[PDB]
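Input: a single structure, listed below in structure tokens.
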Amino acid sequence: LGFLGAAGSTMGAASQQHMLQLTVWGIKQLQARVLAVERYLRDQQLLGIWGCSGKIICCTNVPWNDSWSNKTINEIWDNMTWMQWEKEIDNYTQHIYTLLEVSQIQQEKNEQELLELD
Amino acid sequence: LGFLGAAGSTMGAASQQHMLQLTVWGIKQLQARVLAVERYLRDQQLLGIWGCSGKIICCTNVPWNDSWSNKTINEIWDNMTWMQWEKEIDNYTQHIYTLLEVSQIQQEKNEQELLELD
Amino acid sequence: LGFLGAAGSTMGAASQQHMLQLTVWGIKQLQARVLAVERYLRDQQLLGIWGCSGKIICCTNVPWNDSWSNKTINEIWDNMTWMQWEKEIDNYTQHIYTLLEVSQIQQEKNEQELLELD
Amino acid sequence: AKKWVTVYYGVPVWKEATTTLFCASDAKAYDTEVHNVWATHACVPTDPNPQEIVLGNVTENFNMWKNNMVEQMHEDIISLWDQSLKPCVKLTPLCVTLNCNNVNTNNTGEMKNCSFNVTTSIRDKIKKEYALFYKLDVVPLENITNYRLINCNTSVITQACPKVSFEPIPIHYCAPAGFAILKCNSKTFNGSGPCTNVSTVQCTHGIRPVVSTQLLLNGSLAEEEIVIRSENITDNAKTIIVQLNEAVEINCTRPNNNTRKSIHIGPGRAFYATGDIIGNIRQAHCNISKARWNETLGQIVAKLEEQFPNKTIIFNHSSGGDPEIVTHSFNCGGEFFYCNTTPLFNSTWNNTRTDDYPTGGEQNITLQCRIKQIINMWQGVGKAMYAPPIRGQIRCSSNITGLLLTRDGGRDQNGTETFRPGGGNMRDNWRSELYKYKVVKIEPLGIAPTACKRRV
Amino acid sequence: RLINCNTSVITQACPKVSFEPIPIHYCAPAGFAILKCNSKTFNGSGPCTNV
Ligand SMILES: *[C@@H]1O[C@H](CO)[C@@H](O[C@@H]2O[C@H](CO)[C@@H](O[C@@H]3O[C@H](CO)[C@@H](O)[C@H](O)[C@@H]3O)[C@H](O)[C@H]2NC(C)=O)[C@H](O)[C@H]1NC(C)=O
Ligand SMILES: *[C@@H]1O[C@H](CO)[C@@H](O[C@@H]2O[C@H](CO)[C@@H](O[C@@H]3O[C@H](CO)[C@@H](O)[C@H](O)[C@@H]3O)[C@H](O)[C@H]2NC(C)=O)[C@H](O)[C@H]1NC(C)=O
Ligand SMILES: *[C@@H]1O[C@H](CO)[C@@H](O[C@@H]2O[C@H](CO)[C@@H](O)[C@H](O)[C@H]2NC(C)=O)[C@H](O)[C@H]1NC(C)=O
Ligand SMILES: *[C@@H]1O[C@H](CO)[C@@H](O[C@@H]2O[C@H](CO)[C@@H](O)[C@H](O)[C@H]2NC(C)=O)[C@H](O)[C@H]1NC(C)=O
Ligand SMILES: *[C@@H]1O[C@H](CO)[C@@H](O[C@@H]2O[C@H](CO)[C@@H](O)[C@H](O)[C@H]2NC(C)=O)[C@H](O)[C@H]1NC(C)=O
Ligand SMILES: *[C@@H]1O[C@H](CO)[C@@H](O[C@@H]2O[C@H](CO)[C@@H](O)[C@H](O)[C@H]2NC(C)=O)[C@H](O)[C@H]1NC(C)=O
Ligand SMILES: *[C@@H]1O[C@H](CO)[C@@H](O[C@@H]2O[C@H](CO)[C@@H](O)[C@H](O)[C@H]2NC(C)=O)[C@H](O)[C@H]1NC(C)=O
Ligand SMILES: *[C@@H]1O[C@H](CO)[C@@H](O[C@@H]2O[C@H](CO)[C@@H](O)[C@H](O)[C@H]2NC(C)=O)[C@H](O)[C@H]1NC(C)=O
Ligand SMILES: *[C@@H]1O[C@H](CO)[C@@H](O)[C@H](O)[C@H]1NC(C)=O
Ligand SMILES: *[C@@H]1O[C@H](CO)[C@@H](O)[C@H](O)[C@H]1NC(C)=O
Ligand SMILES: *[C@@H]1O[C@H](CO)[C@@H](O)[C@H](O)[C@H]1NC(C)=O
Ligand SMILES: *[C@@H]1O[C@H](CO)[C@@H](O)[C@H](O)[C@H]1NC(C)=O
Ligand SMILES: *[C@@H]1O[C@H](CO)[C@@H](O)[C@H](O)[C@H]1NC(C)=O
Ligand SMILES: *[C@@H]1O[C@H](CO)[C@@H](O)[C@H](O)[C@H]1NC(C)=O
Ligand SMILES: *[C@@H]1O[C@H](CO)[C@@H](O)[C@H](O)[C@H]1NC(C)=O
Ligand SMILES: *[C@@H]1O[C@H](CO)[C@@H](O)[C@H](O)[C@H]1NC(C)=O
Ligand SMILES: *[C@@H]1O[C@H](CO)[C@@H](O)[C@H](O)[C@H]1NC(C)=O
Ligand SMILES: *[C@@H]1O[C@H](CO)[C@@H](O)[C@H](O)[C@H]1NC(C)=O
Ligand SMILES: *[C@@H]1O[C@H](CO)[C@@H](O)[C@H](O)[C@H]1NC(C)=O
Ligand SMILES: *[C@@H]1O[C@H](CO)[C@@H](O)[C@H](O)[C@H]1NC(C)=O
Ligand SMILES: *[C@@H]1O[C@H](CO)[C@@H](O)[C@H](O)[C@H]1NC(C)=O
Ligand SMILES: *[C@@H]1O[C@H](CO)[C@@H](O)[C@H](O)[C@H]1NC(C)=O
Ligand SMILES: *[C@@H]1O[C@H](CO)[C@@H](O)[C@H](O)[C@H]1NC(C)=O
Ligand SMILES: *[C@@H]1O[C@H](CO)[C@@H](O)[C@H](O)[C@H]1NC(C)=O
Ligand SMILES: *[C@@H]1O[C@H](CO)[C@@H](O)[C@H](O)[C@H]1NC(C)=O
Ligand SMILES: *[C@@H]1O[C@H](CO)[C@@H](O)[C@H](O)[C@H]1NC(C)=O
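Residue numbers (the authors' numbering), protein chains in the order written: chain B, 520 to 534, 562 to 664; chain C, 520 to 534, 562 to 664; chain A, 520 to 534, 562 to 664; chain F, 32 to 139, 152 to 185, 187 to 309, 312 to 321, 321A, 322 to 358, 360 to 400, 404 to 505; chain E, 192 to 242.
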């Protein structure tokens, strides 16, 4: 569990083989394995459609709207400690996902094809 | 279900937390979850070996053989409505998969390595 | 099973729809499907964090330490037949994984961001 | 010039399939932690915004009786009826010899006062017990009338629990990810034809599992016309499903104030019999309206006279049989009613008019129901069920929306065709609601030629 | 008569079946985690500062 070690640091300072038996401890282990594989794949599925498939830091082409937040870059990268920043923009997040889905990939793939016919 | 909205348009115009109980509604839900995860991963596994891993429009290096179809580009991109085009080339599809597997990736990876030793 | 055909060659010469019933043959098939999907995803998860997400031949930026092996390139690419090479460096492998995880990706992503602010 | 292969993902192509569908109820129930029979613990909560994509110019082909959703639902209702009454009381020590006499009101006898020796909870002593129970639950064994219980030759018999409800709450059917359900939006669509207005859903209609014969009660309605479906309408062995456009309301009741005993047989197992009747002893009538059903029966025949366009058509009652086959049988509050429909299928229709209903009488056609305790619905050969008595009075107020018919023979008597209410299958109840759904399978990966190529 | 044979079905436990309380660890699946209080004097229903 390599995460969570910088859970209090600021945002910039963090820069076996057993036959399946249907008994009461077998059902729980099977449910745990299916939960783990689904919860991994939904995050990979979200990262795939944004062009950020195999990266951990991914820049985009979506400009930042000031209705989401009015703060400054060095104001939030030096004070805010990711739990608080996640509680701040929690209302605006789903909308931002849609802007990552269209305006950075749908306009990037099709136009790329228009360069390939030369 | 964001697909299927252009199912009649032409081809160019479309440019909770419950303990797992083994009762009669629990078995069906578990089977549905395993079906969903397998049916996602086989399509991602096919796209991975063609060099088209995180894209929705992917160009290749396989020339189009006229034994597959004799039609024109603007003849099929303006009239044909994907169900009909899928019924047309249904016999030739598996062979084409093999040409995507070898002649665009096996010849692309090895030769790329021959450029990296400089 | 397209692998294993060059299991004796040298290292350079290899250049249906059934309702889920919880009976004694149903439990085995369900366990087999969950084993297959997990064993695929752990290898894809290892390849993802090394920047080698959708490739089969992937070069890196980790220099080869001679404490791992002292042999020559054309000495091991012409004689050694992958089973033997895997038995040779089996003690040093986990450490090498860590050097692929940090010194080729953590130093590549962050520095890439330092080029994007221009 | 110089075409090249190109791969797309997210392409609207479907094929036909057969998969596993799962339940979906909603959170207008599920406030109390109770367990009825149609589980609804394990039903996923449905979405308050169900999406319907209207397709374009698609002309998908459907079938009303080559559907696999019906075969899944018929097995998901039999199986779910056996989770309950698996941890319940077997009535094997009740298969004994019964003495009796008759209750003081005959034909209203339909009750019997019975006495029997029982081996009690302590396996040395013999107790003697009394219970009232109905006729149609007995068989005469060989003067003193000395009989026994109906179904001890051939089945193991199981008392259902009280505090286990039977109320038919709706069931949605969902398909997993990578599948979809297609829906027909045509106004008057028969069985087995093409369509022109098709839509896609993830989740079907609110289907209610009403177990019923001879009539379809809390169902769904057509639009602007009554519609008749059949497989091959010229053949007589195929059943006919009639769907109405205006519902006909019906008001059953059972006036009695009967009580319940509690005979304790075996350790921790109580047997709930029927005690005494407080007050008068009456019938169990039902009262369908008369002027309201006359119009319905008269506009069924306007569509029936087109398929057989010379002959006069008449309606005749059913033929002999078990009382659970030839009568309208249904469930109401916990009892099982068995009313006969000879006052309904009675008449003769020459030219969409009749002489069989006078207008010189009164309205409110009556029906005589009857009660039965031992019920073996779905015709399992070795299983039955004992429904314990409800104390108080019972009322139904059902909402009739369609019916089942079958023809008789091909013998040329006259220009005369007899229809009889006789649809002999339980699947026919659930083809009436699943007629417009078909499960497909999404194939999102496409190959097409265009003029683009990779670079090195 | 015996103590409980008019209200319950009664079942003999087998010999060679042990009752000894061996310890149980509770593990959470991947994607979850368990937090832990390290305060020396901690009541119920409060905050912490050493987690
Ligand atoms: C339940 O078990 C009891 C056990 O006593 C049964 O009682 C039986 O009752 C009959 C009728 O009174 C007895 O018959 C006797 O016959 C002699 C000779 O004819 C006559 O002189 C007596 O006056 C009397 O009628 C019988 O002995 C008695 N006991 C047994 C063991 O049969 C009772 O009939 C059982 N009930 C049912 C429904 O099985
Ligand atoms: C078909 O079903 C109907 C019931 O809907 C049967 O009709 C019923 O016939 C009886 C006797 O013919 C009627 O009772 C009589 O009413 C008249 C006038 O009120 C009275 O003078 C008589 O003394 C007697 O009370 C009864 O009203 C009638 N039912 C209804 C609802 O009107 C009929 O017998 C069945 N069969 C055939 C072949 O029609
Ligand atoms: C059914 O028959 C039994 C015959 O024993 C009746 O039970 C007796 O009824 C009388 C009259 O009320 C009471 O004095 C007795 O105490 C009852 N019990 C016994 C063991 O004799 C019973 O009432 C009858 N039930 C009906 C509906 O007729
Ligand atoms: C349901 O109605 C359709 C009409 O939309 C019927 O389909 C036609 O049936 C006739 C006679 O069998 C054929 O000649 C036509 O080719 C069919 N198609 C069309 C487009 O007209 C269908 O037979 C009807 N089904 C039943 C059971 O009556
Ligand atoms: C049902 O309709 C009947 C009319 O046919 C109502 O009347 C009584 O029905 C019983 C049942 O046979 C007869 O014994 C009475 O003589 C009838 N009385 C009269 C005045 O006709 C009956 O009340 C209706 N029930 C309901 C609940 O509406
Ligand atoms: C409804 O069907 C029954 C038979 O199922 C018909 O009853 C027969 O009627 C004729 C006419 O008098 C008698 O000769 C027969 O003996 C009757 N029984 C049988 C078994 O055939 C009855 O007539 C039919 N109803 C109508 C209105 O025709
Ligand atoms: C269905 O109910 C009707 C009620 O009218 C029954 O018809 C009559 O029942 C009486 C009972 O005394 C018979 O004497 C008559 O012969 C019956 N017929 C006619 C035309 O009056 C009918 O028998 C019932 N059917 C069943 C199967 O119980
Ligand atoms: C456990 O101790 C904490 C002290 O850290 C108590 O928390 C405070 O309780 C008082 C009185 O109820 C409140 O006014 C404060 O708002 C609480 N919080 C803080 C941060 O001081 C807590 O009530 C104690 N719990 C029990 C069951 O005694
Ligand atoms: C947001 O920031 C601007 C300037 O930084 C400031 O004037 C304003 O008060 C802030 N708050 C809101 C709610 O706009
Ligand atoms: C977020 O949404 C909630 C609910 O509408 C609202 O009360 C709150 O003011 C919003 N903004 C923040 C910063 O929480
Ligand atoms: C295919 O196309 C060519 C020219 O476009 C035409 O001559 C030929 O008839 C077509 N059909 C077949 C089966 O070759
Ligand atoms: C595809 O294969 C089938 C089966 O061999 C054949 O009948 C058909 O002519 C082929 N071509 C097309 C265009 O369907
Ligand atoms: C196996 O050994 C033979 C001679 O022993 C050699 O010629 C051959 O190349 C080797 N490899 C394979 C794959 O046959
Ligand atoms: C490793 O290689 C070097 C030179 O290639 C050689 O001198 C040495 O003996 C080898 N073995 C070890 C164990 O160092
Ligand atoms: C690998 O580790 C084992 C166990 O410590 C050791 O015996 C062996 O010498 C090591 N080296 C090789 C080449 O196997
Ligand atoms: C359906 O057909 C009409 C007329 O042929 C056409 O205008 C329309 O674009 C088609 N597609 C849809 C989605 O309506
Ligand atoms: C049931 O058993 C009795 C005798 O116990 C017999 O007379 C009767 O005919 C049997 N019924 C059936 C349907 O076998
Ligand atoms: C198809 O059915 C939908 C269902 O609401 C309706 O909105 C639409 O108007 C129908 N289309 C036609 C052409 O009747
Ligand atoms: C329908 O039934 C009639 C009468 O038996 C028969 O002749 C015919 O073959 C059946 N099928 C069709 C498709 O009409
Ligand atoms: C039925 O009998 C019970 C006996 O306690 C009585 O309380 C109740 O009022 C009766 N109901 C009617 C409708 O008479
Ligand atoms: C009945 O059949 C005759 C032919 O035998 C025909 O002349 C007549 O039109 C038919 N009746 C109707 C209402 O079609
Ligand atoms: C049916 O109606 C006709 C009038 O269309 C009439 O002449 C005839 O007598 C009636 N009855 C029969 C049995 O045909
Ligand atoms: C039944 O309908 C016919 C046709 O409208 C009518 O003549 C007759 O009077 C109706 N019967 C009653 C009882 O209303
Ligand atoms: C009986 O007939 C009357 C007509 O006056 C109607 O209002 C009433 O609803 C009918 N009863 C039932 C139970 O339908
Ligand atoms: C069983 O017997 C004991 C003593 O006779 C009594 O306390 C208990 O209530 C009895 N149980 C039942 C269900 O009668
Ligand atoms: C918090 O608890 C850990 C538990 O080992 C301890 O090592 C650490 O010193 C504690 N921190 C403080 C500030 O008490």
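Note that CB positions come from ideal geometry on N, CA and C, so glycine has one too.
The set of residues with any CB-heavy atom separation to ligand 25 below 6 Å comprises, in chain order, E:197, E:198. In this structure, residue 363 of chain F sits away from residue 438 of chain F, with a CB-CB distance that is not shorter than 9 Å.
At a cut-off of 3 residues, not a single continuous stretch assigned as beta strand (DSSP E) sits fully inside the stretch 575 to 602 of chain B. When CB distances to chain C are screened at a threshold of 9 Å, the residues of the stretch 566 to 599 of chain A falling below it are 566, 567, 568, 576, 579, 580, 582, 583, 586, 587, 590, 599, in chain order.
Beyond the five residues adjoining it in sequence on each side, residue 322 of chain F comes within less than 7 Å, by CB distance, of 300, 301, 302 in the same chain, given in chain order. Assignment of beta-bridge partners to residue 159 of chain F by DSSP yields F:172. Out of F:504, F:503, F:499, F:505, the CA that lies nearest to the CA of residue 33 of chain F is found in F:499. Between residue 126 of chain F and residue 193 of chain F a beta carbon distance of about 6 Å is seen, short of the 8 Å cut, so the two are scored as contacting. Within its own chain, the residues whose Cβ lies closer than 7 Å to the Cβ of residue 422 of chain F, once the five positions on either side in sequence are excluded, are 176, 177, 180, 435, 436, listed in chain order. Looking from the CA of residue 51 of chain F, the closest CA among C:630, C:570, C:566 belongs to C:570. Residue 206 of chain F is outside the set of residues whose beta carbon lies under 9 Å from a beta carbon in chain E.
At a cut-off of 9 Å between C-beta atoms, residue 658 of chain B counts as an interface residue with respect to chain C. A Cβ-Cβ contact shorter than 9 Å links residue 341 of chain F with residue 290 of chain F. Here residue 127 of chain F carries a coil assignment [DSSP, helix/strand/coil].
Within the stretch 413 to 484 of chain F, the alpha helix (DSSP H) runs of at least 4 residues that lie entirely inside it are, in chain order, 477 to 480. Distances taken from the Cβ of residue 396 of chain F to the heavy atoms of ligand 22 include one shorter than 8 Å. For residue 603 of chain B, the chain A residues whose Cβ falls inside 8 Å of its Cβ are 655, 656, 658, 659, in order along the chain.
If you look at residue 619 of chain C, you'll find it isn't in any beta strand (DSSP E); it sits in the alpha helix (DSSP H) that goes 619 to 622. For residue 358 of chain F, the uninterrupted beta strand (DSSP E) segment begins and ends at 357 to 361. Shortest Cα-Cα distance from residue 459 of chain F to any of F:353, F:59, F:384 involves F:353. When Cβ-Cβ separations below 9 Å define contact, residue 75 of chain F makes contact with chain C.
Within the stretch 49 to 77 of chain F, the residues whose Cβ lies closer than 9 Å to some Cβ of chain A are 49, 50, 51, listed in chain order. Going by C-alpha positions, residue 430 of chain F is about 30 Å away from residue 416 of chain F. Look at residue 290 of chain F: its beta carbon is at least 8 Å from all of the heavy atoms in ligand 24. Distances from the alpha-carbon of residue 160 of chain F to those of F:135, F:124, F:344, F:426 put F:124 closest. Residue range 99 to 111 is occupied by the alpha helix (DSSP H) that includes residue 110 of chain F.
Against chain A, a Cβ distance below 8 Å from residue 662 of chain C picks out 605. Distance from the CA atom of residue 595 of chain C to the CA atom of residue 650 of chain C, rounded to whole angstroms, is 10 Å.
Residue 77 of chain F has its alpha-carbon roughly 43 Å from the corresponding atom of residue 644 of chain C. The shortest C-alpha to C-alpha distance from residue 258 of chain F to any of F:305, F:432, F:35, F:370 is the one to F:370.
The beta carbons of residue 646 of chain C and residue 254 of chain F sit no closer together than 9 Å. Contact between residue 334 of chain F and residue 246 of chain F does not hold, since their C-beta atoms are separated by about 40 Å, which reaches or exceeds 8 Å. Residue contact check for residue 238 of chain E against chain B: no CB pair falls below 9 Å.
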